[PDB]
Amino acid sequence: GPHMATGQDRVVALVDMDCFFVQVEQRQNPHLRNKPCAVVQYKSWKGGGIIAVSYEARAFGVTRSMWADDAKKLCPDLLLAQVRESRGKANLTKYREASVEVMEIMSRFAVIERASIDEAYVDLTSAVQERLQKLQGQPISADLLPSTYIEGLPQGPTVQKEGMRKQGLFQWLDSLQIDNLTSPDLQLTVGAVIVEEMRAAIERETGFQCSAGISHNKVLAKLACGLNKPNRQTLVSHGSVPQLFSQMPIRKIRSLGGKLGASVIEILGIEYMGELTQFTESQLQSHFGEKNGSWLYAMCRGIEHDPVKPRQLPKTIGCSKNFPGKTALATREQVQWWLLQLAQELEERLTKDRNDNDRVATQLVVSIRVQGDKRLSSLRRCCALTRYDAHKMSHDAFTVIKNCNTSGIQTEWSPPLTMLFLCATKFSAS
DNA sequence: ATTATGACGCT
DNA sequence: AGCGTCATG
Ligand SMILES: [Mn+2]
Ligand SMILES: [Mn+2]
Ligand SMILES: [Mn+2]
């Protein structure tokens, strides 16, 4: 009806860098460009663990969370780049700095929400209004959308990928009412024009290619971004949602790839997101809780209200290291030495953060895992963070965790520690 | 031994 | 405050 709100108020984009860590290494080392390549952490155990994979390597079945030795079985010519190691641990500074490069360019076009090291949501609503009032009813040319897919098109009454892309785009642009400055489809289209410009600026000024999704909210923008990777962007209109969701596994929607999504599937006896529409809001709230139920009721209709938060910088700065198998920490000197290594990296990153961003952290969170505990964190404890001093930070973390040592001998540490994590939180403008 | 993080919800 | 969940470069 004329009041059933349709969640079409906003234009939201999700920009995701393609195989980011790989692109950072390929920019630095041209020998790795346009090759099957992957980025690995460490080397000794099974060749190191892969954390990023070029699309050429993905064609061979290489994935993240794969040991490099196994990846080399699938792709013997796979090229590898190793993450920096400093103070005995992986150091991701190069990739954080590259991320800042990209986030600063995105911020020129609109306010962004840093969702991860390599992805940000963009609220384009205002930028779209301004570009519309600049165009003054002039139609949008396909030339303004050279890497855009329109999800769901072409449809109705060439065998090449780009030919299909252009056919769908032409169907979309023909149907456009470029006279209605309040038409949601037109607003999304102008949003996509802007995202083409943003992605062009990112590639020109960093060398990095990215994909993007443009829709009316964050969940649809994220889903859209994944439909045509790499180096492409996808527009998911409100109208495309019924068909898109009719065959979309529930786990593909952000927030539903874990336990909650499995419970939606099992409790309701469904497989696809579109099947959620048959339940009342009260029914969904009865199985999944007030918040999740309302969210699911709206999401399966393409509607979600989560705002793009104005936040370009991480809320937390943390340092973590696992000590698996034999490498678990069994002496107090071991535990203190590694706490100091982590605290030294933390101090360096925190000092750079305070210089760059005019803020200081005030809470230190210390997390540990003990051997035999299946939970990723066995214990989390906070203390005050009043000085950027690695020695103080590490002594405080030790003070806060030392009561976990069940060993009657203070020299020994039982049960051995399989993970240490230091996290600076609660920033204040400084 | 699937590693180093980061965000957020729950109570 | 501490724990759990979800994401995944
Ligand atoms: Mn990415
Ligand atoms: Mn990403
Ligand atoms: Mn990924």
# chains A, B, ... in the order shown; residues from 1 in each chain; ligands from 1
call {"tool": "interface_residues", "arguments": {"of": "chain B", "to": "chain A", "cutoff": "8 Å", "atoms": "only C-alpha atoms (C1' of nucleotides)", "output": "PyMOL selection string"}}
result
chain B and resi 1-7
call {"tool": "residues_near_ligand", "arguments": {"ligand": "ligand 3", "cutoff": "9 Å", "atoms": "only C-alpha atoms (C1' of nucleotides) and all ligand atoms", "output": "ChimeraX atom specification"}}
result
/A:16,18-20,51-53,64 /C:8-9
call {"tool": "atom_distance", "arguments": {"atom1": "CA of residue 337 (chain A)", "atom2": "CA of residue 394 (chain A)"}}
result
8.8 Å
call {"tool": "select_by_dssp", "arguments": {"residues": "region 97-288 of chain A", "states": "strand (DSSP E)", "output": "PyMOL selection string"}}
result
chain A and resi 112-116+119-123+148-150+210-215+233-235
call {"tool": "select_by_dssp", "arguments": {"residues": "region 36-145 of chain A", "states": "alpha helix (DSSP H)", "output": "MDAnalysis selection string"}}
result
chainID A and resid 55:58 68:74 93:109 125:135
call {"tool": "closest_atom_pairs", "arguments": {"of": "chain A", "to": "ligand 2", "cutoff": "12 Å", "atoms": "only C-alpha atoms and all ligand atoms", "output": "Markdown table"}}
result
| residue | atom | partner | partner_atom_place_in_ligand_line | distance |
| --- | --- | --- | --- | --- |
| A:14 | CA | ligand 2 | 1 (Mn) | 9.3 |
| A:15 | CA | ligand 2 | 1 (Mn) | 8.2 |
| A:16 | CA | ligand 2 | 1 (Mn) | 5.0 |
| A:17 | CA | ligand 2 | 1 (Mn) | 6.5 |
| A:18 | CA | ligand 2 | 1 (Mn) | 7.9 |
| A:19 | CA | ligand 2 | 1 (Mn) | 8.5 |
| A:20 | CA | ligand 2 | 1 (Mn) | 8.1 |
| A:21 | CA | ligand 2 | 1 (Mn) | 10.6 |
| A:52 | CA | ligand 2 | 1 (Mn) | 10.7 |
| A:99 | CA | ligand 2 | 1 (Mn) | 11.0 |
| A:114 | CA | ligand 2 | 1 (Mn) | 10.2 |
| A:115 | CA | ligand 2 | 1 (Mn) | 8.0 |
| A:116 | CA | ligand 2 | 1 (Mn) | 6.2 |
| A:117 | CA | ligand 2 | 1 (Mn) | 7.1 |
| A:118 | CA | ligand 2 | 1 (Mn) | 5.0 |
| A:119 | CA | ligand 2 | 1 (Mn) | 4.8 |
| A:120 | CA | ligand 2 | 1 (Mn) | 8.2 |
| A:121 | CA | ligand 2 | 1 (Mn) | 10.6 |
| A:210 | CA | ligand 2 | 1 (Mn) | 9.7 |
| A:211 | CA | ligand 2 | 1 (Mn) | 9.7 |
| A:212 | CA | ligand 2 | 1 (Mn) | 10.3 |
| A:213 | CA | ligand 2 | 1 (Mn) | 12.0 |
| A:222 | CA | ligand 2 | 1 (Mn) | 9.3 |
| A:223 | CA | ligand 2 | 1 (Mn) | 11.6 |
| A:225 | CA | ligand 2 | 1 (Mn) | 9.8 |
| A:226 | CA | ligand 2 | 1 (Mn) | 9.8 |
| A:229 | CA | ligand 2 | 1 (Mn) | 11.7 |
| A:254 | CA | ligand 2 | 1 (Mn) | 11.9 |
call {"tool": "closest_residue", "arguments": {"among": "A:291, A:73, A:252, A:301", "to": "chain C", "atoms": "only C-alpha atoms (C1' of nucleotides)"}}
result
A:252
call {"tool": "atom_distance", "arguments": {"atom1": "CA of residue 81 (chain A)", "atom2": "CA of residue 203 (chain A)"}}
result
21.5 Å
call {"tool": "residues_around", "arguments": {"residues": "residue 62 (chain A)", "least_positions_apart": "3", "cutoff": "6 Å", "atoms": "only C-alpha atoms (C1' of nucleotides)", "output": "PyMOL selection string"}}
result
chain A and resi 57-58+71
call {"tool": "write_last_selection", "arguments": {"atoms": "C-alpha atoms", "output": "short mmCIF file (atom, residue, chain, number, x, y, z; two decimals), in the first residue's frame"}}
result
data_model
loop_
_atom_site.label_atom_id
_atom_site.label_comp_id
_atom_site.auth_asym_id
_atom_site.auth_seq_id
_atom_site.Cartn_x
_atom_site.Cartn_y
_atom_site.Cartn_z
CA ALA A 57 45.20 -18.88 -8.32
CA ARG A 58 41.53 -19.27 -7.29
CA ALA A 71 48.00 -25.08 -2.45
#
